[PDB]
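Undergrad: One structure follows; several queries about it will come next.
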Amino acid sequence: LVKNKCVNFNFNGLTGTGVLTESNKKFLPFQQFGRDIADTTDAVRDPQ
Amino acid sequence: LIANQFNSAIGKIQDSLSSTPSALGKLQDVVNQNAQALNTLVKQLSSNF
Ligand SMILES: *[C@@H]1O[C@H](CO)[C@@H](O)[C@H](O)[C@H]1NC(C)=O
């Protein structure tokens with residue numbers, strides 16, 4: 001896992017481009033993805 | 001008397017602006033229109049066309 005560097009991430013099918021940073025948001029145990037108002041990926045939980 | 005009326009009128013403006021939420025309707029409408037146009041433009045990427 002690499003943080004604070006612009007990389008290509010494939011977290012089981014996200015297949016998106018962006019820089020990954022630590023977040024204070026808390027997900028539900030079953031929840032994996034994250035979306036904003038515009039239905040764009042905003043935060044993803046590390047599978048490991 | 002005029003000084004007191006002026007002060008009380010400004011205080012009433014203070015109270016009316018603080019209480020009523022729809023006071024800044026023009027600015028809120030402009031901001032909402034711009035944000036909604038931006039949201040529609042962004043959502044247009046998800047359409048097949
Ligand atoms: C996933 O596997 C690694 C390697 O064995 C381990 O260090 C890690 O704790 C595992 N993840 C969880 C949530 O246990």
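Just remember, in the structure tokens the first chain shown is A, the second B, etc., residues are 1-based per chain, and ligands are 1-based in the order shown.
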When DSSP is applied to the backbone of this structure, which of chain A are assigned strand (DSSP E)? Write them out as a list in words.
TA: residues 6, 7, 8, 9, 16, 17, 18 and 19 of chain A
Undergrad: Residues of chain B within 10 Å of chain A, using only C-alpha atoms, as a VMD selection string?
TA: chain B and resid 38 to 43 46
Undergrad: Could you please take those selected residues and save N, CA, C and O atoms as a compact mmCIF listing (two decimals), in the first residue's frame?
TA:
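Everything below was put into again-v2.txt:
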```
# COMPACT_ATOMS: atom_id res chain seq x y z
N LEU B 38 -23.68 22.62 -11.97
CA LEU B 38 -22.45 21.84 -11.91
C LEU B 38 -22.74 20.36 -11.68
O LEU B 38 -22.12 19.50 -12.31
N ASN B 39 -23.68 20.06 -10.79
CA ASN B 39 -24.03 18.67 -10.51
C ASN B 39 -24.62 17.99 -11.74
O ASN B 39 -24.31 16.83 -12.03
N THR B 40 -25.49 18.70 -12.47
CA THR B 40 -26.04 18.14 -13.70
C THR B 40 -24.95 17.90 -14.73
O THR B 40 -24.93 16.85 -15.39
N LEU B 41 -24.02 18.85 -14.87
CA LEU B 41 -22.92 18.68 -15.82
C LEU B 41 -22.07 17.46 -15.46
O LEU B 41 -21.64 16.71 -16.34
N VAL B 42 -21.82 17.26 -14.16
CA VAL B 42 -21.03 16.11 -13.74
C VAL B 42 -21.80 14.81 -13.97
O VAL B 42 -21.24 13.82 -14.45
N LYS B 43 -23.09 14.79 -13.63
CA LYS B 43 -23.90 13.60 -13.82
C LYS B 43 -24.08 13.25 -15.29
O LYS B 43 -24.39 12.10 -15.62
N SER B 46 -22.40 10.09 -16.80
CA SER B 46 -22.92 8.75 -16.59
C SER B 46 -23.97 8.34 -17.62
O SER B 46 -24.46 7.21 -17.56
```
Undergrad: Return as a PDB file with N, CA, C and O atoms, in the first residue's frame the residues of protein, DNA or RNA that approach ligand 1 to within 10 Å, with only C-alpha atoms and all ligand atoms taken into account.
TA:
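Saved to result_14.pdb:
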```pdb
ATOM      1  N   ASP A  46      -9.460  -0.590   2.543  1.00  0.00           N
ATOM      2  CA  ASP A  46      -8.414  -1.520   2.133  1.00  0.00           C
ATOM      3  C   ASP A  46      -8.874  -2.953   2.382  1.00  0.00           C
ATOM      4  O   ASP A  46      -9.265  -3.283   3.507  1.00  0.00           O
ATOM      5  N   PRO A  47      -8.872  -3.818   1.366  1.00  0.00           N
ATOM      6  CA  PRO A  47      -9.295  -5.211   1.593  1.00  0.00           C
ATOM      7  C   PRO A  47      -8.443  -5.965   2.603  1.00  0.00           C
ATOM      8  O   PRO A  47      -8.980  -6.799   3.344  1.00  0.00           O
ATOM      9  N   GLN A  48      -7.134  -5.706   2.661  1.00  0.00           N
ATOM     10  CA  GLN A  48      -6.278  -6.418   3.608  1.00  0.00           C
ATOM     11  C   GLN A  48      -6.542  -5.972   5.040  1.00  0.00           C
ATOM     12  O   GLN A  48      -6.974  -6.766   5.883  1.00  0.00           O
TER      13      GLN A  48
END
```
Undergrad: Go ahead and compute the interatomic distance for atom CA of residue 24 of chain A and atom CA of residue 35 of chain B, in Å to one decimal.
TA: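 According to the coordinates, atom CA of residue 24 of chain A and atom CA of residue 35 of chain B are separated by 26.0 Å.
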Undergrad: Could you please write out, as a ChimeraX atom specification, every residue of chain B that DSSP assigns to alpha helix (DSSP H)?
TA: /B:2-19,25-43
Undergrad: Restrict the selected residues to C-alpha atoms and save them as a PDB file, in the first residue's frame.
TA:
```
ATOM      1  CA  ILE B   2     -34.951  59.545  15.708  1.00  0.00           C
ATOM      2  CA  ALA B   3     -31.742  58.021  17.073  1.00  0.00           C
ATOM      3  CA  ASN B   4     -33.775  55.521  19.103  1.00  0.00           C
ATOM      4  CA  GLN B   5     -35.933  54.674  16.082  1.00  0.00           C
ATOM      5  CA  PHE B   6     -32.823  54.141  13.941  1.00  0.00           C
ATOM      6  CA  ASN B   7     -31.225  51.879  16.558  1.00  0.00           C
ATOM      7  CA  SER B   8     -34.435  49.894  17.076  1.00  0.00           C
ATOM      8  CA  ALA B   9     -34.912  49.490  13.321  1.00  0.00           C
ATOM      9  CA  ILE B  10     -31.384  48.121  12.954  1.00  0.00           C
ATOM     10  CA  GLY B  11     -32.005  45.789  15.895  1.00  0.00           C
ATOM     11  CA  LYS B  12     -35.219  44.570  14.283  1.00  0.00           C
ATOM     12  CA  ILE B  13     -33.280  43.909  11.073  1.00  0.00           C
ATOM     13  CA  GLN B  14     -30.811  41.923  13.183  1.00  0.00           C
ATOM     14  CA  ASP B  15     -33.609  39.854  14.725  1.00  0.00           C
ATOM     15  CA  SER B  16     -35.520  39.303  11.469  1.00  0.00           C
ATOM     16  CA  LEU B  17     -32.386  38.190   9.623  1.00  0.00           C
ATOM     17  CA  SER B  18     -31.404  35.896  12.503  1.00  0.00           C
ATOM     18  CA  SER B  19     -34.835  34.268  12.839  1.00  0.00           C
ATOM     19  CA  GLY B  25     -33.288  34.051  -0.894  1.00  0.00           C
ATOM     20  CA  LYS B  26     -31.582  35.684  -3.871  1.00  0.00           C
ATOM     21  CA  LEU B  27     -28.050  34.665  -2.878  1.00  0.00           C
ATOM     22  CA  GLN B  28     -29.194  31.190  -1.843  1.00  0.00           C
ATOM     23  CA  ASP B  29     -30.987  30.748  -5.174  1.00  0.00           C
ATOM     24  CA  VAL B  30     -27.930  31.885  -7.148  1.00  0.00           C
ATOM     25  CA  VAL B  31     -25.629  29.519  -5.248  1.00  0.00           C
ATOM     26  CA  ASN B  32     -28.090  26.628  -5.551  1.00  0.00           C
ATOM     27  CA  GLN B  33     -28.557  27.248  -9.279  1.00  0.00           C
ATOM     28  CA  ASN B  34     -24.807  27.228  -9.897  1.00  0.00           C
ATOM     29  CA  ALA B  35     -24.258  24.115  -7.768  1.00  0.00           C
ATOM     30  CA  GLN B  36     -27.171  22.318  -9.437  1.00  0.00           C
ATOM     31  CA  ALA B  37     -25.867  23.194 -12.903  1.00  0.00           C
ATOM     32  CA  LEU B  38     -22.450  21.842 -11.908  1.00  0.00           C
ATOM     33  CA  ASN B  39     -24.029  18.666 -10.514  1.00  0.00           C
ATOM     34  CA  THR B  40     -26.044  18.142 -13.703  1.00  0.00           C
ATOM     35  CA  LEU B  41     -22.923  18.675 -15.817  1.00  0.00           C
ATOM     36  CA  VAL B  42     -21.027  16.109 -13.738  1.00  0.00           C
ATOM     37  CA  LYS B  43     -23.898  13.596 -13.825  1.00  0.00           C
TER      38      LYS B  43
END
```
Undergrad: When distances are computed from only C-alpha atoms, which of A:2, A:18, A:7, A:13 shows the smallest separation from residue 42 of chain A?
TA: A:18
Undergrad: One number please: atom CA of residue 20 of chain A to atom CA of residue 44 of chain B, in Å, one decimal.
TA: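 Taking atom CA of residue 20 of chain A and atom CA of residue 44 of chain B, their separation equals 26.0 Å.
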Undergrad: Using only C-alpha atoms, which residues sit within 12 Å of residue 34 of chain A once same-chain residues fewer than 5 positions away are excluded, as number ranges by chain?
TA: A: 14, 23, 25-28, 39-46
Undergrad: Interatomic distance between atom CA of residue 29 of chain A and atom CA of residue 11 of chain A?
TA: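 Interatomic distance here is 16.5 Å.
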